[PDB]
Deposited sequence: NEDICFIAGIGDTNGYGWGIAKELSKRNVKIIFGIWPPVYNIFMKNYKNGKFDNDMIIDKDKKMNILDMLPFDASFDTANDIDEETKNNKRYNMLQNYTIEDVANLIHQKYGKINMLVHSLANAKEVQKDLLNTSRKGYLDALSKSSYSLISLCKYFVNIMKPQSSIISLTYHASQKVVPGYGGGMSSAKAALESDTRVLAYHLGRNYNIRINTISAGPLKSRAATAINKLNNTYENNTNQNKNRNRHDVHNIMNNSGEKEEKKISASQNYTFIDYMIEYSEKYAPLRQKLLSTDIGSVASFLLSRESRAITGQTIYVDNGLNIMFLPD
């Protein structure tokens, strides 16, 4: 009965955010996209010109249903946080209500309360450097955008969410085991995020009866995966060769798990890291 989900983190149809949007669409959930300003206009132009029409197809006689597309920057908690330089940057100057709090309000004003929230974003200026070579600023940058954004998303979205709502984010196993190449303190950020998921599950469960979990996804060749210098090709080849299930991992494989976790079906699951990675995580060595 009128399910509304806000997917924070979508710049195209090659990431998990898209896969999550498709699977939720299949379940008749109304989709609102939160889009980072640097790519917002290139996203809208593409969409308008029907460049994603093929990607919105679900099976046959069923195509995706996007309720809304909003500019969104998870760096900024409230309008008062936006530094003057960003406020007048070429790509930010034409946009408004793009902070975490302002999007929360905008959504509420326009559609009332929502019941599903997705954290599908991450960033680190120095992802290309290893932990040892990461500067304090670069490290704090990764934690701020990749980790804290989650806590902020919750602080502000819980006011516009109904009890028994569900919140998921996306993580990676480099938090628990060493993955060379996953630098800039991204591993640090994922560890924090998985730990924050537990602490948040406590507060949100007790105070609001809201669930929060995180999906630790396997490798997908998304735009950001390529920014890591290649790393992602190796990860994919390795996973397809050594995982219990040797099959290509699709963004919709994650989508359908996200979808389950966001629905009332998973009402007794909260605070968990759920692995959606073809079982790779359970392996010790290659064979």
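Residues 230-271 of the deposited sequence are the only ones with no C-alpha coordinates in the structure.
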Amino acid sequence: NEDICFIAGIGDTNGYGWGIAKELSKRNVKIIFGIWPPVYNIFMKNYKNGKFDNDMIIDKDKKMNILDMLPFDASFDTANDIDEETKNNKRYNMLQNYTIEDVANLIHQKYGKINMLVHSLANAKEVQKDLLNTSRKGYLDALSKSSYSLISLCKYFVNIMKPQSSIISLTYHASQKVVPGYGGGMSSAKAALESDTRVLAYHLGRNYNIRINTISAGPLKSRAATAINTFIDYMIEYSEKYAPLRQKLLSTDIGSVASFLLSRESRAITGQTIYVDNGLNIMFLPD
From here on, numbers count along this sequence of modelled residues.
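Set 96-104 against 213-221 and average the Cα temperature factors; 96-104 ends up higher. If you average the C-alpha B-factors over 193-201 and over 123-131, the higher value belongs to 123-131. Remark: of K137, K87, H173, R206, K87 shows the highest value [criterion: C-alpha B-factor in the PDB entry].
The entry lists C-alpha B-factors for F260, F43, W36, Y238, and the highest of these is at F43.
Remark: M161 belongs to the highest third of its chain, ranked by C-alpha B-factor as recorded. When the modelled residues of the chain are ordered by their C-alpha B factor, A21 lands in the middle third. Per the PDB record, residue ranking by Cα B-factor puts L280 in the lowest third of the chain. Among the modelled residues of its chain, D141 has a C-alpha B-factor that falls in the lowest third, as given in the PDB entry.
In the PDB entry, a CA B factor belonging to the lowest third of its chain's modelled residues is recorded for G255.
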